[PDB]
Each structure stands twice: as structure tokens, then as C-alpha cells.
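S.K.: heads up, no residue letters with this:
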């Protein structure tokens, strides 16, 4: 009836999707088999005698990460044809994922998406997970988006991009992949949320006090954000928000759809014991610049629009009291042309904790998605790094020899230059 | 009262019949001896003290296929003179099976058929099972159909042909055998269904995920189609049809009685766990072109008439809703002069599973028998391959020296040429 | 049921046939005493194809041993599995045709042929209804090539409609025993083209190549070479003796192989063939097996198949195996090796599955292929024949015993046209 389709492309998309689907199964109480011992209808189908199968597709060109899902604990939760694998990796090349090897797998991907989308009309939208710095997450991610745009025009397309960090890279050619992806996700994505790796690293180091987390601890935190985003579709609330109403409330002009994230509280079991988790204080911690999930300080930006999703035993009077304090605070500033810069949502169902995970059971939480003009700096840093790389034509022979022509570098650079000037003109 | 007589000619006929009669015995709950510990009366005869003998004849010139039935588990199921054996093989020669070693076995076969048909007059018709590409399946198939046409003139005669595949043949003389058989199947059978071997190979590869199927797993799938075809004669249903009303509903013109098959769902224990098997979805999979069981893509043809046999927990309102969805879908083409392109049929008893087989327990299933103009390709490709062989008279001396006259190749070819023009003229 | 009468002619035919009865008796589980052992029904259900009940429980082969010299038939009797044959089925000769085709066919063979015709009629007519004959002989010698082919002519006239399969070893290409090879070979072929239904070619030099390069045997005797030929001879009659998923008799193979009646000369191959060292290292599966089957290094005729086209070929597989891999690999070879198959015959390959593999192996195949690469041997032995005939070398050991000059010219004409007809479809 009302559902959303999840697309996971690349290694980062799959492993974040693995943590996302573990949380979704546990919160709705279905086992790894898929049988529980109409709230689940937005994420799970019905298959015969009480079995539920997720509405997701797993796409990678390299088989190693999808084989290990297919042989793990969750073998029979997923449909065997929803896990699509290639033969050879894109190997950190946008050109490989887009032109050379990418086209052989997109046909199989569109067949699965069409069969999953035709079950009911009033399909709410598509949630895409990808890594911008990778090969197949960037290349094949773009290629899927042209074909989705031509077929399913009016349907909303939300993207959760694992953006490259300011300092940490784990790739050398990723400034090339990032600028090429950002050009092509301007015209193919309705709402893009930036998730940065070092932002989750330092959030886990100060808040949860874990000195050595890994990628699986990053993915639990990402899963909590997505669960809080789509909580209003799944459960009843006092003031619910739909996914089509995010783009109405957070996108002022078509080219500005790059938003941050924040989640609060993320506190461990030893710290939750001592905190009164009031609605006023969890919303203060949400707007704190050190608790943001993109590593982009909003103090040198102006907030254009902000969306607050409260979840748990939150009364609407404490929301109004808390958001008034934020508006009056002077270190956080709003843009002049947007006087009412808030969208509030309250949901009843408290956040579910995974056993053996590192978050604590909390009675209420906030997820914040905010559009700001601070995104000028995150494009400016790659604009510096891309210009350094391209000035004496390094690593270009890998792209040019593989099937893309020289000049898509130039077109992508000027499009990013146009985006920088657009953010500057809005903030005046 | 009302019964049907099964004739199995050739090696393929016998081994398909072995799978067919193993399914029929388990569905009516009779033991291999033939005694159960009047719905079954359409396939089995009463013979004294609760004991049931099948109404079938096994005819082959080779003893090596029938002797294993005589010595197998089902020794005393069959009456010993229902299993008729010759001495020497037809050896992939139509001329051998029709002229030379033909007359010694057909006289004994007609004696058994007459004794089996005179028990309860009002019998429904004849089922013939044969391989078109073989020697005795094609040669003796003509001779027995000629003799049955002269004796039982007003009778229904259904033929299940294991037609040769486009690419895989496992003989060389099959362009000669197939064109010569179709000349004698045009004037002497009433309804012919084409089954292809590599069609069932690829069905078992994608739907059951068996990469190495034997002849036994093809024959189980054929047995399930025939059981679902004759389920209305054996059991009570909401809307039943017998074999006489197939001709009224599927054959628009006297020469056009070539039919395809599809069966859905064919799912293993891995897939039955995760699918809902709703009436809407199993009928969508029935019309899917890669689930057809003849290797003849119906996208480039027009459906002349279609007959759907639902079996199981099927309500008639979901049938009407599901057939309406098919009509509104634009990827199928119906012919303009057949508006009422569908015959529906509902039976109550769910399809039976052989223990230790490869199918799973399904609650409802569909068997589809369709007449289409896509059959022009399956006869034109065989028309081409006969042209290549006969271009300089390869393998002809085995036929012509051994009893048939040069010119019967030419007469059979012009008959097939007439059939090609007939399919083209109807589709306009 | 269906019955094959075995005839073994010449020294080569007797020693290759002696090992054939060793391999068939072991496969059916017959003790050299003639008793059955092995308590399995499938072994005994089709035994009348090669054996006869003797009302004492024992099984005697339907085999006729024929030679013009008493030496080598005594050796077959004295060996193991030599007491199996009926003593009356041995027909001696006393003097012996000293490597002379003329004396084997015209003079010395003539006073013995009435006696061998008596014994072959006694065994042939004694059952219900016969299926065929099988004859094993050599086309280099005197009694195997001369009086062996005389028997072929006489038994074709008596039984015109029955098949007649002959396992003939040809002269070796490079180095030769029995210096009058091309005289014996050419004189035998021209009336074996008109009297034999299917003819399967073996070369000794191909067998030596197999035993060096594949089997890696250091000292291959004639015992080991005959064992290889016997393995292939058992594979062609697998379907008669055991049940199968896709059955194919000898006449089924004949109709599927020979497009025109003049050309019925076949190449034989066997797989798998691994050394003792490499037995435990090798993959036994259908795709590997078809690759060893279509190798020049595995064919039992020393004529390279890549120089011609396979007109049609057939593969008799044995063992419990899946029929899609039996189908798809035969499609795979026609797509990959497009140039080595003829174009006006679609789907040139024939497949057959017999369910009982040979002892010790899980899976085996015998390959019979009708190739136009067999014209390389017919050209070669024609040139050797024409070299010697122009100068009339060694001719008066044929001319002297009643074979005139014109039949040599007829033999060359009847075999040069066979070379030309293979070129016609090349």
C-alpha cells in the first residue's frame, strides 16, 4: 500500500544496509527467517504463511561482500535475486562503474526494482545508500539514477551519501570520483544527506567513549538515523511527517538539497544512568556543532531550514518550549528570508536498542536534518583538492582509456563552481 | 463409466509415462501393488478385490526400456500385456517405424486398446505420449493414429509431443523425423501440445536452481502438467472442464491445434518459504515468457486463445481479478477477432508432491495451455534445417532404400509450407 | 533377444579378441571357468548378446576363432580366460598364407572357408533372430586381410539386412611391419567398402602415442595396446548390454553417422586416460571428458582431425550423469570449434547415455567420429601402393596364384575415388 524501496550500491551501501536491516527486523520483531512469532508494510512484504521479505536490492560489482551476506545468518531473510553481484570490481574508477562494466548489471537491477515497485501503487519513494568516494558506489550509483529518473519520474529519491572526509581518505583517486558524482547527483536526486566518516568517529569517541570503534559501530549509528527518519511511516504519532514533506520543507531552491545530520542522545550505558534526558536538553545537544554528522561547523553558515524528528515520550508542549530557546540563542543564526525555519515531528515509539550494541535504551531521541549554507566549505575543500590533482593531469589516463572522454572533468568542475556561487548568492 | 486411455510410444513416451503413473498412484493413494488400503475410475480399472490396474499401454520396439518396468517396483501395477515389446529398435528411422517393423506390433497394440476401451462406453478420449525426433515415437505414432482414426472416428485424441529443441538435439536425423511426423500429426491428432527439452532445462535452472537435471527431473515436471490438466475429470471443482471442451475453446481452425504449456509456481523449498503464492502472482508468472515450456518466445506472436487451469485454494473472484490484470497489461498481444481470449477452470484438490522429489508443497498452482501465432517460428526453424539436409540428400538412403518412396519428403515439406502460410494468414 | 556373433581372424584379430573377451567377461562377472559370480541382476539380464547357455549353468562366448596357422590360436587357448571358448569353434589351418592376400583370399583360404561358414551359420541361426556381426582383423597381414574379408563377402550374401561392424587395424604410416602392407590394404579396402556396414579404424602408431604421452607407460606391450582397443569396443555396445537414460544400439549409431553409403570409416577414441601418477589429481566430470575426447592426441587413428571437418560424430557416454551436461557440452563444442564441423549438417553431434560405467571408473566415454581427415590415410597408402605397382614389385606372389593384373587397377580406382569423394564434402 504505502512502502519504500531501499537501494544499496557499493560496499559501503551494503554494509550500512546490513546494519539497517538488522535494526528494522528487530524493531518489528521478525526473526532472521522472516516469520514473526500492518505497521511493517512500509519495509516488508507478505510472502505466504506469515513470512516477510524486505523491499531492498543489494548491488555490487565485486562478489565478496554480497556472497558473505548470502551465506551468513540472514540468508533466507533476503530474496535470492535481491542480492545482485557482478564478476569484477569497479576498482575506484567512476569510468568503470558508469561506462565499461556498469551497464551489464543495471538491466538486472531494473528488473528487480520493477517487480518490487509494482506490488502496490502509492510507492512513497526510493532510499539510496552509496559511497561517493568509491568506484561502484559512485559510478553505478549515477547510472542507476538516470534509468530511475526516466521510469519513475514523480517518485521521491532520497540519497544517503558516505561523503569523503576532510582529512581521512583511504583512497587517492577519490577527489576525482567525488566531483564527478556530485555533478551527476544534482540532477538525479531530490534530497541528499551527507554522512562523513570522521564525524561519526569523533562522535563515538566523545559521546560513547569508545577509543577503538570500527565500521560496524559507525553503521549502527547510521541505522538509528534512518529508523528515526522513517518512524512516522511505520508507527502512529502525535504529529507525523511523510517523506514527501521533507523535500517541501527543506529544499528552498532545486539545486540546494544538501543537508547535514545530527542525532541525540547517543550515550552509553554508563552515562545514561546519570543523565536526565529532557526534551530541552536533547535538542540542545542536537544543535551543538560537535554533535553533527558531516564534520562541517555550522557557525560559519546560516541555517536555511531545519527538520526535527522527536521520537519517544515527547509531549508537544516541551517541543515548543525547546525550539523557542534555540531561536533565541544567538550563536545559532537563521537566514533572513526564512522566518519560520522549523518542521517538527513527534512519534510515539521509542528507539529500539540492539543487544550487544553500544547505545543504551533511551526513552526519547531526536534526529535532526538541517539545510545550511555551511555546505560551501565542504565543496570548497574538494575544489582545492581536485585542482591540485588535475593541474598536471594525474590519474586521468585510467579514466580516459576506459571509455569516458576528457572534458567531463572540465564540465564537472564548472558545475561544482556554479554550485559554490549559488550557495554564496543565497546567503547574502 | 467415463475414462481416458493413455498410450505411450517410444522411449520418451515410456519414461514420461513412468513419471506420470507414479504421480497418479500417489494422488489416488494406491500402492505399487495396485490395492488401496469412484473418483479414480477415469484412470484405473477395478479388478476384483479392491485392486486397480491402469488404463495404459506401453509400446516400444526396444525391450531395453520396458523390461525395467517389468522387473522394477511397479511389476504388478500394470497388466503384463499392456507392456508390449518388439525385438529390434527403429534406430532413428521414420521409415523403419512406419513400414518395416511396424505391422508386427500394431496388431497386438490394437487388441489391447480395444479390450481396454470396450469396458465402459462413453470414454472421454486418448492421450498419446511420444518423441517427435525419434524413430518409433514418430513412425509408430503415425501408424497407431491412422488406425485409431479409422476405428474410433468421433473421438478426442490429445498428443503430448516432446518436440526437438532449436539448439540441442541429441540426434542428427531429427529434421527428417520432425517434418515427416508433422504431416501425419496434422491429419490424425485432435489437439497437440509441444513440449521442448531445453525449455524445461532452463526452467529447472532458474526456478529450482538445479544446474544438472536428469531426464527424471524433466519427467516429474511434465507429470505435474498432465495431472493438473486432468484434475477436473478426477476431482470436484468450482468450475470444471473435461477434455472435450478443450477443442471448442482452444482450436479456432481445424489445422491450428498446436499448443504451448506453462506451469506456475515451480518452486523449491528455498523459494516457497519466502513467496506468497496469491492467485494474482502465480498467473503473472504463468504468462511470463521465460516460464513457457516450449522455448518459443510469445512476445513476437499473438495469443489466439488461452486456457487456465487453477488448482488448489483458489476462489473464483481472484481469478476474474487476475485475468483482468493480464488483459490490461500491454506487453501481451491478443488477436483482434478473439475478444474472449480466456477459459478459466478451478479445481479444489491441491497439487500432490512426490516424496523425495524436487518440488515443494504448494497450496495453489496454475497450468496454462495457449494457442498462439508465435508457433510460426518453431516450425519455420525446422523447415530451414530440413532444407539444409535435403539440399544434397544426406541421410536419405537410409529411408528410401528401407521402404518409403522418394517424394514423401517433398509432400511432407509442402504440407509444412502450407502450415506456415496458414499461420501467417490468420495473424493479419 | 538381440545377438552379436563374434569372428576373430588372423593373429592380430585373435590376440585383440582374446583381450576383448577378458574385458567383457569381467564386466559381466564371468569367472574363467564360465560360472557367474557377483550377485547383481543388471549383469545377467542382457547376457545373451554375447553368451550362450550350456545347460550346465556355464556361459560360452558366441565367438569363432579363425586363422590359417595353428600357433597363435594355441596361445589364446593356453592363456587365462582361454578355456571359455567352445573347442569346436576353433578352426585351424595347417599351412598358412605367408602374408599373401592372394593366397588368403583365393587359394589357401578357399579350402577352409566352407568349414568356417559351417560354424558361423550354426551359431547365427541357432537363436531367435540375429542383430549383427563383429569382426576383428588386421589389414596388413595375409589371413586377417585375405580370408577375413572373404568371410565378410560370404556372410553379407547370406545375411544381407543385418549389420556388420569391423574393427580393422590399418598399416602404420611411417614405419611398417610386413613390407607388403599397401598391397594387402588396398586389395582389402575396395571390397570392404562394398561389403561392410561400419568400419572402425585403428592404427598402432596412434596407440603408441597414447601409451607414451597420456598413459606415460614406459614399456607398452601388445597386451596393453589390445586392452585399450578392447575398452573402446566394449563402449560401442554398452547400450545393448545395460539400461540407460538415452539408449542407442549399433544401428542407431549407423543411421546417425553415415550420410552417404560409400563412406563408413570411423575414428575411435576413449576417455578418460590418465597415468597412475595423475589418477588422483584429475577432475572427472562431463566438461573435462568431452575435452579429452576431442583431441588429436586421444584418437586411435594417427590422422589429425583438425586438417579436415567432422562430417558427423557420436559420443557414447557411460555412467550416472546429468543429461544437460551431456547436451550442453555438445553444443559448446559446435560453437567453439566452429571450423572443424561441416555446415550443411546442423547439430553434427550425437549423444547417448548408458547408466553402467566400466569397472573402477565413475564415468567414461567412447567417441566414434566420421571425419574427412581419414582421406589423409587413404591418400598415403594409395601413394605407397602406386609407387610399388608402377614397377610391379612383389606382384608375382599375387599374380602366380590366380589374381590377374586388372583387379589391382580396379582396387586403386575404387580407393582413389574414395579419396575424391571425401574431398567433395570438405
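M.R.: Ah, there it is. Numbering: from 1, shown residues only, chains lettered A, B, ... in the order given.

S.K.: now do the same contact list for the closest residue to residue C:18 other than its chain neighbours.
M.R.: In space, and not counting its chain neighbours, residue C:18 is closest to residue C:76: 4.7 Å by C-beta to C-beta, 6 or more residues apart in numbering or on different chains. Yep, even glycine has a C-beta here, placed from its N, CA and C like the rest. Contacts for residue C:76 (C-beta atoms under 8 Å, 6 or more residues apart in numbering or on different chains) come out as C:14-15, C:18, C:65, C:82.

S.K.: of those, grab the buried ones for PyMOL.
M.R.: Entered in PyMOL, the line below selects the buried ones among the contacts of residue C:76, by 16 or more other C-beta atoms under 10 Å in any protein chain shown:
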select buried, chain C and resi 14+15+18+65+82
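
S.K.: with distance to residue A:154 and secondary structure as added columns, please give the contacts of residue C:76 in JSON lines.
M.R.: Formatted as JSON lines, the contacts of residue C:76 follow (distance: C-beta to C-beta, whole Å; DSSP: H, G, I helix; E, B strand; the rest coil):
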{"residue": "C:14", "distance to residue A:154": "88", "secondary structure": "helix"}
{"residue": "C:15", "distance to residue A:154": "86", "secondary structure": "helix"}
{"residue": "C:18", "distance to residue A:154": "85", "secondary structure": "helix"}
{"residue": "C:65", "distance to residue A:154": "90", "secondary structure": "strand"}
{"residue": "C:82", "distance to residue A:154": "90", "secondary structure": "coil"}
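
S.K.: and of the contacts of residue C:76, the nearest to chain B?
M.R.: residue C:65 (27.5 Å; C-beta to the nearest C-beta).

S.K.: is it true that the closest one touches residue C:90?
M.R.: Yes. Shown here, residue C:65 and residue C:90 form a contact pair, counting by C-beta atoms under 8 Å, at 5.0 Å.

S.K.: which residues are common contacts for these two?
M.R.: By C-beta under 8 Å, 6+ apart, the residues touching both residue C:65 and residue C:90 are residue C:73.

S.K.: what's near enough to touch the closest residue to chain B within chain C?
M.R.: For chain C and chain B, the shortest gap (C-beta to the nearest C-beta) falls at residue C:322, measuring 3.5 Å. Listed by C-beta under 8 Å, 6+ apart, the contact set of residue C:322 reads B:212-214, C:286.

S.K.: show me where the stretch 101-250 of chain A has strands.
M.R.: For the stretch 101-250 of chain A, the strands defined by DSSP state E, counting those that start in this stretch occupy A:123-131, A:156-163, A:191-196.

S.K.: tell me which of those sits nearest to residue C:46.
M.R.: Between residue C:46 and the strands of the stretch 101-250 of chain A, the shortest gap by C-beta to C-beta is with strand A:123-131, which sits at 64.9 Å.

S.K.: neighbours around residue A:242, how many?
M.R.: Neighbourhood size, residue A:242 [other C-beta atoms under 10 Å in any protein chain shown]: 15.

S.K.: for it, what are phi and psi?
M.R.: Main-chain torsions, residue A:242, degrees, to the nearest 10: phi -100, psi 170.

S.K.: spatially central, which residue of the chain would that be?
M.R.: Assuming you mean chain A. The C-alpha lying nearest the average C-alpha coordinate of chain A belongs to residue A:160 (C-alpha atoms, centre = their mean; 2.1 Å).

S.K.: let's do chain C instead
M.R.: residue C:167 (2.0 Å).

S.K.: partners of that one in the sheet?
M.R.: For residue C:167, the beta-bridge partners are residue C:136, residue C:200 (DSSP bridges).

S.K.: would you confirm that residue C:307 contacts residue C:374?
M.R.: No. If you go by C-beta under 8 Å, residue C:307 and residue C:374 don't touch, sitting 10.5 Å apart.

S.K.: quick one, which of those two is more surrounded?
M.R.: A count of neighbours by other C-beta under 10 Å puts residue C:374 above the other of residue C:307 and residue C:374, at 25 against 14.

S.K.: once you drop chain neighbours, what's closest to the more buried one?
M.R.: In space, residue C:374 is closest to residue C:265, 5.1 Å off (C-beta to C-beta, 6+ apart).

S.K.: does that neighbour have beta-bridge partners, and which?
M.R.: Beta bridges link residue C:265 to residue C:199 when assigned by DSSP bridges.

S.K.: gap between the two ends of stretch C:36-43?
M.R.: 9 Å (C-alpha to C-alpha, to the nearest Å).

S.K.: residue contacts, residue 89?
M.R.: Because you didn't say which chain, this covers chain A. Applying C-beta under 8 Å, 6+ apart, the residues near residue A:89 are A:61-62, A:135-136.

S.K.: sorry, I should have been clearer: chain C.
M.R.: Contacts for residue C:89 (C-beta under 8 Å, 6+ apart) come out as C:63-65, C:119, C:123.

S.K.: residue A:9 versus the residue nearest to the centre of chain C, what's the distance?
M.R.: According to C-beta to C-beta, to the nearest Å, residue C:167 stands 64 Å off from residue A:9.

S.K.: please apply the same query to residue C:312.
M.R.: Taking C-beta to C-beta, one finds residue C:312 at 51 Å from residue A:9.

S.K.: neighbour count: these two, which is higher?
M.R.: For residue C:312 versus residue A:9, neighbours defined as other C-beta under 10 Å are more numerous around residue A:9 (31 against 23).

S.K.: can you list the strands of the stretch 101-250 of chain A in a markdown table and add distance to residue B:228?
M.R.: Output for the strands of the stretch 101-250 of chain A, formatted as a markdown table (distance: least, C-beta to C-beta, whole Å):
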| stretch | distance to residue B:228 |
| --- | --- |
| strand A:123-131 | 35 |
| strand A:156-163 | 44 |
| strand A:191-196 | 50 |
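
S.K.: just give the number of residues close to residue C:40.
M.R.: Residue C:40 has 11 neighbours, counted by other C-beta under 10 Å.

S.K.: count the neighbours of residue C:39 for me.
M.R.: 8.

S.K.: re the thing from before, list the contacts for the residue nearest to residue C:374?
M.R.: C:199-201, C:370, C:374.

S.K.: go again using 7 Å as the cut-off
M.R.: Residue C:265 sits next to C:199, C:201, C:374 when contact means C-beta atoms under 7 Å, 6 or more residues apart in numbering or on different chains.

S.K.: and of those residues, the nearest to chain A?
M.R.: Nearest member of the contacts of residue C:265 to chain A, counting by C-beta to the nearest C-beta, is residue C:374, at 42.8 Å.

S.K.: now do the same contact list for the closest one.
M.R.: C:201, C:265, C:267, C:301, C:303, C:422.

S.K.: list only buried entries from those.
M.R.: Buried among the contacts of residue C:374 (16+ other C-beta under 10 Å): C:201, C:265, C:267, C:301, C:303, C:422.

S.K.: picking that back up, tell me the bridge partners for the residue nearest to the centre of chain A.
M.R.: According to DSSP bridges, beta-bridge pairing links residue A:160 with residue A:129, residue A:193.

S.K.: isn't it right next to residue A:195, touching?
M.R.: Yes. Residue A:160 is in contact with residue A:195 according to C-beta atoms under 7 Å; the separation is 6.1 Å.

S.K.: what ranges does the stretch 301-426 of chain C have for its strands?
M.R.: Along the stretch 301-426 of chain C, counting by DSSP E, counting those that start in this stretch, strands occupy C:310-319, C:349-354, C:363-371.

S.K.: before we move on, the earlier item: inside helices: which ones of the contacts of residue C:322?
M.R.: residue C:286 (DSSP state H).

S.K.: for the contacts of residue C:322, work out which two are farthest apart.
M.R.: Farthest apart among the contacts of residue C:322 by C-beta to C-beta are B:213 and C:286. That separation is 13.1 Å.

S.K.: returning to that earlier point: quick check, nearest of the contacts of residue C:76 to residue B:99?
M.R.: residue C:65 (38.9 Å).

S.K.: from residue B:345, how far off is that closest one?
M.R.: 69 Å.

S.K.: ok, residue A:19 - contacts?
M.R.: Residue A:19 makes contacts with A:216, A:219-220, A:222-223, as judged by C-beta under 7 Å, 6+ apart.
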